[PDB]
Amino acid sequence: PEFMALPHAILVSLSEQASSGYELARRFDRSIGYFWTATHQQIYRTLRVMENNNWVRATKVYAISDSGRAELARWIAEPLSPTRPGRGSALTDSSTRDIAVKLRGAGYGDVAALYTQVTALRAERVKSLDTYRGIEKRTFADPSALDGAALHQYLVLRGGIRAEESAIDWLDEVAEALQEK
Amino acid sequence: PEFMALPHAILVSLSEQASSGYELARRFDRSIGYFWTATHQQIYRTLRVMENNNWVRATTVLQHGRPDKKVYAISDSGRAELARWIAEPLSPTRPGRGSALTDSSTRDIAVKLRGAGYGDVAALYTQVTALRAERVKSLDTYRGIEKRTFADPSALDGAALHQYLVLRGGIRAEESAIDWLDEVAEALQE
Ligand SMILES: [Cl-]
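Residues numbered from 1 in each chain as written, not as in the entry; some residues may be left out. Chains lettered and ligands numbered in written order. Heavy atoms only, no water. Residues with missing side-chain atoms left out of burial classes, pairs and counts.

- Listed as the method for this PDB entry is X-ray crystallography; the listed resolution is 2.94 Å.

Shown next as structure tokens:
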């Protein structure tokens, strides 16, 4: 439960607005829904799980508990996981999504701890890009002579190259805005 | 289900090189694993399935003083299915359709783009231009939420600024997607 990311997304939702099961889903599919693709069945299942830890109270409207608000602070401060599923690419790495959740509910949990996660993740995107940048020069040196399969592969690599750059650029925009704060 | 996403990725993979179990897993991670997170167990289970469909054929190759390796290659029927799936339009019922961060058409197009060929590129260009038209809907929407809710983002503090930054990530992704979708469309224009 504390090693997953949806309980926490819902903890953010509850932190801002204490809603119900359906009100929660409804709220989630337009607030955090643009980064997380979760179903109503998932939202409800996790809401059950959160009441099992006493993370949410039965005020029928759910409320974040003290224990749940503590977990959000804990989770936001918790650094980058080495066991995280998808390490090594901006398209597969789920940290970009987690940072967005942490960034939203940065009331519970502090900005200093998150800043370091933003700078740590950016450093990883540089390893990713530096890898892609190597495959480019060492596989697609002179990118104008490419014809069919070779060019299709280049273009695909160029999508990954863009994503890595995109991630770094956002991570920079995030890191900049968290400094002036 | 048969005609899902991973099988076609594996057809594209085996289209590039006839690989064995481990070779296919290894080379998928090296290439298509940078956009696709799939487990080796999953890769092999689809391999089994597509052999039952006769989409892939297995040949035991002779290795001296080596366990003889079983190599899978794409068959005629599988080569046909890959061509069929590249041509098949985007689903209007698929999830996360409303965001570049949430949409898997970006990934499907990448796979299609890999194993395209002279005959499939034309139909593939169709989906490129269609998906770009959707990213503009998504972008046009985010830019609306920006102007309506986050005009003058210099006087933003705390929650408001955190939310804007998050919205700023979505705008970049849509832009990024459009830029790539344009680069692909242009490179096919020759
Ligand atoms: Cl055959």
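1. Considering unusual backbone geometry
All names here are of chain B.
Phase 1: Its identity as a non-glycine residue notwithstanding, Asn54 has a phi of 70°, on the positive side.
Phase 2: Examined against the element boundaries, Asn54 turns out to sit in the loop between α3 (40-52) and β2 (56-61).
Phase 3: Phi at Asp152 takes a positive value of approximately 55°, unusual for a residue other than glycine.
Phase 4: Counting through the fold element by element, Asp152 comes out in the loop between α6 (121-149) and α7 (158-187). (Helix = DSSP H or I, 4+ residues; strand = E, 2+ residues; numbered from the N terminus.)

2. Describing the side chain of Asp93(A)
Residues and elements named next belong to chain A.
Phase 1: With respect to the element layout, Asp93 can be found in the loop between α4 (66-77) and α5 (95-104).
Phase 2: Side-chain polar atoms of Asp93 contact the side chain of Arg125, separated by 3.1 Å.
Phase 3: Setting aside residues up to four positions removed in sequence, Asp93 forms contacts with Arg84, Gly86, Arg87, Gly88, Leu121, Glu124 and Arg125. (Polar contact = N/O pair within 3.5 Å; in protein donor to acceptor, adjacent residues only side chain to side chain. Contact = heavy atoms within 4.5 Å.)

3. Thoughts on the domain arrangement of chain A
A common way to state how big an interface is: give the accessible area lost once the parts meet.
Residue and element names in this part refer to chain A.
Phase 1: For chain A, the assigned domains are domain 1 (1-78) and domain 2 (82-181).
Phase 2: A separation of 27 Å is found between the C-alpha centroids of domain 1 and domain 2.
Phase 3: Domain 1 puts 15 residues into the contact, and the matching count from domain 2 is 10 residues.
Phase 4: Elements represented by at least two residues in the side of domain 1 that touches domain 2 include exactly α1 (6-16) and α4.
Phase 5: Examining the composition of the side of domain 1 that touches domain 2, we find that six residues originate from one element, α4, more than from any other.
Phase 6: Residues belonging to the side of domain 1 that touches domain 2 are distributed by class as follows: 11 nonpolar, two polar and two charged. (Domains from an automatic or database assignment. Nonpolar A, V, L, I, M, F, W, Y, C, P; charged D, E, K, R; others polar.)

4. Some points on the pattern of salt bridges
Phase 1: In this structure, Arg162(A) and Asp179(B) form a salt bridge, with 3.9 Å as the shortest nitrogen-oxygen distance. Residue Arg162(A) is located in helix α7 (residues 149-177), and its partner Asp179(B) is located in helix α7; the two belong to separate chains.
Phase 2: Connected through shared salt-bridge partners, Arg84(A), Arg87(A), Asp93(A), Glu124(A), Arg125(A) and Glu164(A) make up one network. (Salt bridge = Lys/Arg side-chain N within 4 Å of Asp/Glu carboxyl O.)

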